[PDB]
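Below: one structure, written as structure tokens.
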Amino acid sequence: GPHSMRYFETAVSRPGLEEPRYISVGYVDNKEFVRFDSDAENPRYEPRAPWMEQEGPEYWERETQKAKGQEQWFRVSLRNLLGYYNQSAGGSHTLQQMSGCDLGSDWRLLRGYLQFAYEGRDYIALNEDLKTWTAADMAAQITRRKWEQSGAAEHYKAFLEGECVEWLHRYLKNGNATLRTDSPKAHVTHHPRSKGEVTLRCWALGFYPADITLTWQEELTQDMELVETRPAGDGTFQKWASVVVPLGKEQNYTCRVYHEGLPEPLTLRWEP
Amino acid sequence: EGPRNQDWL
Amino acid sequence: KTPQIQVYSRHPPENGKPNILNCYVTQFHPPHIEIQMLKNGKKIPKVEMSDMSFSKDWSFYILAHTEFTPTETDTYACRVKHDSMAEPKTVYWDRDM
């Protein structure tokens, strides 16, 4: 499948001076697997997915160092940022990095990603060519001068092509199924509405992963209204899709459900 | 493993 | 960006029968947030709280939860406070949603 690795690095400073908080999270196939946070008494990288527990202390040693180096790198690059945008200190500031790579079905490297946001807005990004920087706004240009000067684009182009792909291979070996899915559980509920009308809410429960399409009708989604996919709390997920109907006209509607863990598309109608 | 950053912003 | 709250239950709700209340807050920035949960306007002492995490659109999300038991009459709300808002926003749990 479309296998991926990502590390989401965040640096926060708040008023009350001192030092920015550095969180770094890592994801394989969109599932959190490692985690670092400067707030802890003993700030280590900890394993987040039982299959990571098969890694020697020296792995946790070496990445705790590596992360302590970004806590460093981030502390600075935030200070330059306050510089560029000429901002008055003792306020909240946020700096964010998304790093990582995409793997084909042949374990081919498809694309790499390296980006940065400041104040939650895109600041600078490596293009897909892996040679040039897209820089939105003037302060981002300053940075783009430096990084072209310092061959920074070769430095990452190396990480994404070499070590990313390499460690992704291995994390996938470690995670053999540990591709497990959970089929969705669907009922259709009946909640009446004023003036000879009713609502048709179609719930899907217990599922994993979150990829879900809810379709009721034939083939009309115009009037319908649905909700943000949401975690159950246990691993699994939820969402629902409603539509307004005239009272007693209910029978013609079929709710269609599409999930990867299914044998086939499931459709159901209200049964009182 | 994580990416190691290079020159600062 | 102002957050998006949804209050909901892990399992289909039944009166008298224990369940868990999820207040799900997403799409905000800065990450620093606050969440109360409320039973009858009063504070729930021990809310469990999801570790800081942000989406590929750069925005954050937290998921908060506590054990509860639905009844015909008790009220259950979640209150959210975040820089992007003038005053604290509050959304009440509705069993049909």
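Starting from 1 in every chain, residues are counted up; chains themselves are A, B, ... following the order of the structure tokens, and ligands are numbered from 1 as listed.
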Write down, as an MDAnalysis selection string, each residue of chain A that has any atom within 8 Å of an atom of chain B, counting only C-alpha atoms. chainID A and resid 7 26 63 66:67 69:70 73 76:78 80:81 99 143 146:147 150 152 155:156 159 163:164 167
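The environment of region 82-92 of chain C within 8 Å, counting only C-alpha atoms and disregarding residues fewer than 3 places along the same chain, consists of residues 1, 2, 3, 5, 6, 7, 28, 29, 30, 32, 33, 34, 75, 76, 77, 78 and 79 of chain C.
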Contact set, chain A to chain C: 7 Å, only C-alpha atoms, as a ChimeraX atom specification: /A:94,120,232-233
Hey, can you spit out that residue selection with N, CA and C atoms as a PDB file, in the first residue's frame?
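What ended up in again-v6.pdb:
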```pdb
ATOM      1  N   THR A  94       4.793  29.743  17.960  1.00  0.00           N
ATOM      2  CA  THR A  94       4.781  28.342  17.566  1.00  0.00           C
ATOM      3  C   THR A  94       5.601  28.103  16.327  1.00  0.00           C
ATOM      4  N   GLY A 120       1.619  28.939  12.834  1.00  0.00           N
ATOM      5  CA  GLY A 120       0.643  28.062  12.186  1.00  0.00           C
ATOM      6  C   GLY A 120       0.385  28.359  10.731  1.00  0.00           C
ATOM      7  N   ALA A 232     -13.243   6.885  18.925  1.00  0.00           N
ATOM      8  CA  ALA A 232     -14.084   6.390  19.996  1.00  0.00           C
ATOM      9  C   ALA A 232     -13.395   6.650  21.335  1.00  0.00           C
ATOM     10  N   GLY A 233     -12.118   6.276  21.400  1.00  0.00           N
ATOM     11  CA  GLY A 233     -11.304   6.419  22.598  1.00  0.00           C
ATOM     12  C   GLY A 233     -10.489   5.184  22.900  1.00  0.00           C
TER      13      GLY A 233
END
```
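If only C-alpha atoms are the atoms counted, then among C:38, C:74, C:43, C:27 the closest residue to residue 62 (chain C) is C:27.
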What are the DSSP strand (DSSP E) residues of chain C, as a ChimeraX atom specification? /C:4-9,19-28,34-39,42-43,48-49,53-54,60-68,76-81,89-92
Exercise: region 193-207 of chain A partners within 8 Å, only C-alpha atoms, chain neighbours under 3 positions left out, as a ChimeraX atom specification: /A:181-190,210,214,232,236-248,255,270
Taking the backbone alone, and naming residues the way the document does, which bits of region 20-268 of chain A are helix (DSSP H, G or I) by DSSP, as JSON, numbers by chain? {"A": [50, 51, 52, 53, 54, 57, 58, 59, 60, 61, 62, 63, 64, 65, 66, 67, 68, 69, 70, 71, 72, 73, 74, 75, 76, 77, 78, 79, 80, 81, 82, 83, 84, 138, 139, 140, 141, 142, 143, 144, 145, 146, 147, 148, 149, 152, 153, 154, 155, 156, 157, 158, 159, 160, 161, 162, 163, 164, 165, 166, 167, 168, 169, 170, 171, 172, 173, 174, 250, 251, 252]}
Atoms to include: C-alpha atoms. Write the selected residues as a CSV table (one decimal), in the first residue's frame.
```csv
chain,number,residue,atom,x,y,z
A,50,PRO,CA,4.1,-2.4,21.1
A,51,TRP,CA,6.2,-3.5,18.1
A,52,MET,CA,8.7,-0.7,18.9
A,53,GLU,CA,9.6,-2.4,22.1
A,54,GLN,CA,12.0,-4.6,20.2
A,57,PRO,CA,18.5,0.9,24.7
A,58,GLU,CA,21.1,2.2,22.3
A,59,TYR,CA,18.4,3.0,19.8
A,60,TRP,CA,16.5,5.0,22.4
A,61,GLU,CA,19.9,6.6,23.6
A,62,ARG,CA,20.8,7.8,20.1
A,63,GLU,CA,17.4,9.3,19.2
A,64,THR,CA,17.1,11.0,22.6
A,65,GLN,CA,20.4,12.7,21.7
A,66,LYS,CA,19.2,13.5,18.2
A,67,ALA,CA,16.0,15.0,19.5
A,68,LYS,CA,18.0,17.0,22.2
A,69,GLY,CA,19.8,18.4,19.2
A,70,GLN,CA,16.6,19.7,17.7
A,71,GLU,CA,15.4,21.1,20.9
A,72,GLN,CA,18.5,23.0,20.5
A,73,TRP,CA,18.0,23.8,16.7
A,74,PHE,CA,14.5,24.9,17.3
A,75,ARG,CA,15.3,27.2,20.4
A,76,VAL,CA,17.5,29.2,18.0
A,77,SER,CA,15.5,29.3,14.8
A,78,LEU,CA,12.5,30.6,16.8
A,79,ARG,CA,14.7,33.5,18.1
A,80,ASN,CA,15.6,34.5,14.6
A,81,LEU,CA,12.0,34.5,13.7
A,82,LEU,CA,11.1,36.9,16.4
A,83,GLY,CA,13.9,39.0,14.8
A,84,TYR,CA,12.7,38.9,11.3
A,138,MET,CA,9.8,38.1,2.9
A,139,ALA,CA,11.3,36.6,6.1
A,140,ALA,CA,11.1,33.2,4.4
A,141,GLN,CA,13.2,34.6,1.6
A,142,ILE,CA,16.0,35.5,4.0
A,143,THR,CA,16.0,31.9,5.1
A,144,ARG,CA,16.0,30.8,1.4
A,145,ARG,CA,19.1,32.8,0.7
A,146,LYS,CA,21.0,31.1,3.6
A,147,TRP,CA,19.9,27.6,2.7
A,148,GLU,CA,20.9,27.8,-0.9
A,149,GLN,CA,24.2,29.2,0.2
A,152,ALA,CA,20.8,22.8,3.0
A,153,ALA,CA,18.7,21.2,0.2
A,154,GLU,CA,21.4,18.5,-0.4
A,155,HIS,CA,21.5,17.7,3.3
A,156,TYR,CA,17.8,16.8,3.5
A,157,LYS,CA,17.6,15.3,0.0
A,158,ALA,CA,20.1,12.9,1.5
A,159,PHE,CA,18.0,12.1,4.6
A,160,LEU,CA,14.8,11.5,2.6
A,161,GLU,CA,16.5,9.3,-0.1
A,162,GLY,CA,18.8,7.4,2.3
A,163,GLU,CA,17.9,7.0,6.0
A,164,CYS,CA,14.2,7.7,5.8
A,165,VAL,CA,13.5,4.9,3.3
A,166,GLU,CA,16.0,2.6,5.1
A,167,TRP,CA,14.3,3.0,8.6
A,168,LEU,CA,10.9,2.8,7.1
A,169,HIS,CA,11.7,-0.6,5.6
A,170,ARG,CA,12.7,-1.8,9.1
A,171,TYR,CA,9.7,-0.4,11.0
A,172,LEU,CA,7.5,-2.2,8.5
A,173,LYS,CA,9.4,-5.5,9.1
A,174,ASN,CA,8.8,-4.9,12.9
A,250,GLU,CA,-38.9,7.0,4.4
A,251,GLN,CA,-38.6,3.6,2.7
A,252,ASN,CA,-36.9,4.6,-0.6
```
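Rounded to one decimal, CA of residue 192 (chain A) and CA of residue 95 (chain C) lie 14.4 Å from each other.
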